[PDB]
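Here is the structure we will look at.
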Amino acid sequence: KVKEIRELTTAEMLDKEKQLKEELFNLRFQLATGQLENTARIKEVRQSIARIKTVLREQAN
RNA sequence: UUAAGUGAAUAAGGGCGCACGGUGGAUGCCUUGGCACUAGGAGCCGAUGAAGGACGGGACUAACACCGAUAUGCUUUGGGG
């Protein structure tokens, strides 16, 4: 879904990176204490972070 | 009845033949891996950090294969359904 990450600016990029890293922290705390019905969301967040970082590399030459 | 004479059978265990089992992995058939070559490519990598490794990445992950904090994967151009 890079078609939306290419509809933004390099400031909102770093903003959503902050948000997703925080989401990963909270997911990682759910999985340990006996919660988190939907365990497939940990991979999804990793991959959205990967996408933002590649797209930011591409545009700054 | 008494004398003189002749005397089988009976296996604690063993042998030979036969019948059925147990152990053990020979023989037959088979291939997932090898051996000797032919024709074609290629004949170097490295301070822009190598060859080879250590430690990590999975919902559960001891091991092997893959990958490197963007970690069981990210973008892009083509194929395929």
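Quick note on naming: the chains in the structure tokens go A, B, ... in the order shown, residues restart at 1 in each chain, and ligands are numbered from 1 in order of appearance.
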Using only C-alpha atoms (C1' of nucleotides) and a cut-off of 7 Å, which residues of chain A sit close to chain B? Please list them as JSON, numbers by chain. {"A": [39, 49, 50, 51, 53, 54]}
Secondary structure check, alpha helix (DSSP H) residues of chain A, as a compact mmCIF listing (two decimals) with C-alpha atoms, in the first residue's frame:
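Result file is selection-v2.txt:
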```txt
# COMPACT_ATOMS: atom_id res chain seq x y z
CA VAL A 2 2.74 2.49 -0.93
CA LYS A 3 0.19 4.30 -3.10
CA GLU A 4 -0.82 6.32 -0.03
CA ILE A 5 2.63 6.78 1.50
CA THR A 10 8.59 13.97 4.53
CA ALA A 11 7.34 15.49 7.81
CA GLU A 12 4.18 13.39 8.05
CA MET A 13 6.42 10.47 7.07
CA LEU A 14 8.50 10.80 10.25
CA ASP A 15 5.28 11.36 12.17
CA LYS A 16 3.70 8.09 11.09
CA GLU A 17 7.00 6.35 11.80
CA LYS A 18 6.75 7.57 15.39
CA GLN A 19 3.16 6.35 15.59
CA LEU A 20 3.89 2.89 14.21
CA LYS A 21 6.94 2.35 16.44
CA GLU A 22 4.74 3.18 19.42
CA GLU A 23 2.11 0.73 18.19
CA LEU A 24 4.79 -1.95 18.07
CA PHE A 25 5.73 -1.23 21.69
CA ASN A 26 2.11 -1.63 22.78
CA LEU A 27 1.53 -4.78 20.73
CA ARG A 28 4.68 -6.35 22.21
CA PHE A 29 3.32 -5.65 25.68
CA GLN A 30 -0.06 -7.18 24.84
CA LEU A 31 1.40 -10.46 23.53
CA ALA A 32 3.24 -11.13 26.80
CA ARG A 41 -0.86 -7.28 13.17
CA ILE A 42 2.75 -7.44 14.38
CA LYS A 43 4.04 -8.37 10.93
CA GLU A 44 1.87 -5.73 9.25
CA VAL A 45 3.41 -2.92 11.28
CA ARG A 46 6.98 -4.09 10.66
CA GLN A 47 6.24 -4.01 6.94
CA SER A 48 4.63 -0.53 6.98
CA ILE A 49 7.76 0.79 8.73
CA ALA A 50 9.91 -0.88 6.09
CA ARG A 51 7.87 0.84 3.38
CA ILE A 52 8.22 4.31 4.87
CA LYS A 53 11.97 3.86 5.21
CA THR A 54 12.47 2.71 1.61
CA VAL A 55 10.30 5.53 0.26
CA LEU A 56 12.19 8.12 2.29
CA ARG A 57 15.49 6.77 0.96
CA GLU A 58 14.26 6.88 -2.65
CA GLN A 59 13.18 10.53 -2.57
```
Record the distance separating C1' of residue 67 (chain B) and CA of residue 40 (chain A), expressed in Å with one decimal.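 Computing it gives 19.6 Å between the two atoms.
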Can you tell me which residues surround region 40-56 of chain B at a distance of at most 10 Å, considering only C-alpha atoms (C1' of nucleotides), apart from same-chain residues fewer than 4 positions away, and format the answer as a list in words? residues 68, 69 and 71 of chain B
